[PDB]
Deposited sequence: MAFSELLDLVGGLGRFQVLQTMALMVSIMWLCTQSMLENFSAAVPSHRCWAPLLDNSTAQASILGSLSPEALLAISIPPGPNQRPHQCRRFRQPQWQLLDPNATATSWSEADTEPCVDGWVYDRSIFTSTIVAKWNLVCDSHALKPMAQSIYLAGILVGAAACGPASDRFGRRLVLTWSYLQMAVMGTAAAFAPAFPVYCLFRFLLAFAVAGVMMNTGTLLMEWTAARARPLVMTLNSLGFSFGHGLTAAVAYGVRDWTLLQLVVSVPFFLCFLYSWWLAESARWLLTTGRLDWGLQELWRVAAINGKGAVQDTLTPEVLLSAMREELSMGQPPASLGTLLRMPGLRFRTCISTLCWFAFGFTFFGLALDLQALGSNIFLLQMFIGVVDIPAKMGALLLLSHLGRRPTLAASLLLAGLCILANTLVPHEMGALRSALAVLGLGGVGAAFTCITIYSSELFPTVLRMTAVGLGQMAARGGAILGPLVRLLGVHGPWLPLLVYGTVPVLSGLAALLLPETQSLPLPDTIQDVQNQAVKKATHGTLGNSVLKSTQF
């Protein structure tokens, strides 16, 4: 039944989207005796916060620097503000503290993922995406030798185990290994679902593809509701991996008891296919893992994209079945690129338009993925359509560089968004050349 796998793919989106909710960075500041010690001191907490922490970006108190001595210059109204020296700051010798405003417990507050060592979150995202990448390649021969159903049940068991274990990870490398194994199992489940849905009924390939895509997009609203319900990342991972226990228990019928040579050239087809897959994967896994910076509220943005991705994909399927594959794919790619470029150009003051443009770009890249998945079954002969596997591998490899590009934010907050807007434009400009 397609319902059982559709539910699993829905929770698979939840497990994939948990990389953004669990790695959320709430408002944090360094430990200070004027704010964290006893109230009896030798009033006005904002003044103490200002005199204890030097200002940083967006006129906010810095998150990785603290004054070695109380700077009373920010207290006297007649004093010249913004005139202290750099030597009066210390590299946070007393640690940091976290405010439980939007989130009460995350992996950032546990292992101290402050901006001083902010590379740990993109590194963990890249490790998860590498586990997704190597998961599809290794599960190929595993499903070919052991069978798709047995390895599917084993991947469900591994998903449950690594979900119940990641919530109890005491160290950062242990959590990274748990996420790697979880991503391996996720990639195995995805490959099995893909190889089963294609050979299920298919002329009915686009219908089942759109159904699976809608079941996956339901995962956005699912994880939004779960993150609005529970606020602890451990309890979140637990309740997200709980349904996979029943998914594994669904085994045994509910307790019954191809290589090619491209020496002359790229032949104008596989190069463009891999380029579009790379672009889709890169923009998707670079824009979905940083939803906190794309809108004012993470849950609101998630609900918005979850409620907009369904009619967007419906219209994408409509244009795919009504006016072809290449023109609608190029149009969706260009629309997503222009939307991300406008989101980059629009200042951070207008949050509503920013969230709308981000939702439109995500819908556009989803429509482009749907089109390139429908187009992958027609651009190659019946025996060459290895092509879909190569395209998925190229998309995963492009996703690998997704979180790594976000590290370029030290030079400017718009450069990652600039790339996320420029890549779809070139992808759509190159998509028009498809036969």
Per the record, deposited positions without any C-alpha are 1-19, 62-66, 227, 283-337, 466, 517-553
